[PDB]
Ligand code: HEM
Ligand SMILES: CC1(C)[C@@H]2CC[C@@]1(C)C(=O)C2
Ligand SMILES: [K+]
């Protein structure tokens, strides 16, 4: 369904891409988005889908817009417009300058020092899940590892019970890839309904878990409000339950289909962190954006105050103007250019946690289960939205080829 083209938008820039159901999805989601980078497509296009909005299709523009918070505000960062208007997570819904005091606080809960401290438990969980899978010779990777490994770590960090995962995972998914049963506003309202009593309890009686730290925290030296703490804890929940979970499935799908790549990593384990970075480029998965604060001419195009612009973080590293042969995975790639974790003042705060989870997964899996493949006949389906993912990933292996550590 197509919104009527606004008078200010030139007809020759129309390209009706649907970020929640892209045409070429059956080829793979990164592939489907990469159609925006085919020869005759301009650097900045307008789609009439999802209410109508701009899309920057090249890393140069994506980077520029993410740096210019004066013209490109994060106040309304999701498409469609009702989702972006409801969106109020902190720090993402704020621009500098007042954004920055809240980042600092979020860094006490997910920053490098905290990840270094979680390192042992992250390792232990990865090993326990993989060892229990190893003799079975099969798994449903999405449900049996990609979801439990990073989600159980987040719930440990937040001091939330694991049996709450199904509900919270359902809500987080309606915000990024809605099935249509809930609007963004309704899912948000439900996540905040979950958090409100836990935030009150933990202000009254502080523990050492992430929610306690945020809810009793200070920002530029003044106490955080209950409403602020809720808006920050909601975003940490979303990052914990719907980023790495999806990324692991893209990576393992790739490794299942590419023995020569696993072989490289089995033979040279020291290459694993570099391989992590190249898979973060090739299987980049996030796309949000910004709202115009004023009329503004950008790259020869007249943008109007209030227009939304999708700035897909996924696309910068896929752009052949940033990386030659961008669809090829090369663990030896000399200059891995990407914006997978965003760009500008909102650069991902969870990226150190995410890289630790990914590198630990690769090392631990490859040590125990070096040889695996996709279940025969399985037609692996991706799904697209603010964060893209893999619907199911059935894997099989011969337990005879595995290795107990
Ligand atoms: C592969 C995994 C991850 C990817 C690709 C990813 C990607 C991103 C991107 C693109 C942004 C910027 C969004 C924008 O500019 O509007 C962002 C921000 C952020 N991320 Fe991540 N993320 C991942 C993991 C995580 C994790 C595991 C957490 C926390 C548990 C997290 C917490 C956050 C927070 C709090 C922000 C907001 C920073 C701010 O607005 O200043 N992320 N991430
Ligand atoms: C776009 C994101 C990946 C980033 C962290 C969670 C997420 C869905 C956001 O709302 C900000
Ligand atoms: K908003």
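When we count neighbours, we look across all protein chains shown, and the Cβ atoms used for this are built from the backbone with ideal geometry, even at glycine. Derivation of every value follows stated rules applied to the coordinates shown; laboratory data play no part.
Using only Cα atoms, figure out Rg for region 123-233 and give it as a multiple of 2.2 N^0.38 Å.
Details: Rg = 16.8 Å, N = 111, 2.2 N^0.38 = 13.2 Å.
Scaled against compact globular proteins, the figure is 1.28.
Taking a temperature of 25 °C and a viscosity of 0.890 mPa s, what whole-number D in µm²/s does Stokes-Einstein yield for region 132-181 with Rh from Kirkwood over alpha carbon pairs?
On the way: Rh = 12.4 Å.
Result for D is 198 µm²/s.
If neighbour count is taken as other Cβ atoms inside 10 Å, put 13, 248, 5, 235 in order from fewest to most.
Numbers: 13 17, 248 27, 5 14, 235 22.
In increasing order of surrounding Cβ atoms, one gets 5, 13, 235, 248.
Averaging sequence separations of C-alpha pairs under 8 Å and six or more residues apart, then dividing by the length of the chain, give the relative contact order as a whole percent. Let's see the in-between values first.
Working: 676 pairs, mean separation 103.6, N = 405.
It comes to 26 percent, rounded to a whole number.
Kindly provide the helix-only [θ] at 222 nm of the chain, computed as the sum of -39,500 (n - 2.57) over DSSP H runs of four or more divided by all residues, to the nearest 500 deg cm²/dmol? Could the numbers behind the result be given before it?
Values: 15 runs with 179 residues, N = 405.
Helices in the chain give a 222 nm mean residue ellipticity of -13500 deg cm²/dmol.
So how compact is region 1-116: Cα radius of gyration and Dmax in angstrom?
When restricted to the Cα atoms of region 1-116, Rg and Dmax are 17.1, 53 Å.
Which value, in nm² and rounded to one decimal, describes the direction-averaged projected area of the C-alpha convex hull of region 217-316? Please list the in-between numbers first.
Values: hull surface 44.0 nm².
Result: a mean projected hull area of 11.0 nm².
If you find the alpha carbon centre of region 179-210 and of region 3-42, how far apart are they in angstrom?
35
Given the options 77, 326, 91, which has the most mean-square fluctuation in a GNM of the chain, springs set between C-alpha atoms less than 10 angstrom apart?
326
Taking the mean number of other Cβ atoms within 10 Å as a proxy for protection, how do you rank 315-321, 159-165 from highest to lowest?
315-321, 159-165
Based on the Cα coordinates of the chain, what is the per residue volume of their convex hull in Å³?
On the way: hull volume 56.7 nm³, N = 405.
Dividing the Cα hull volume of the chain by its residues yields 140 Å³.
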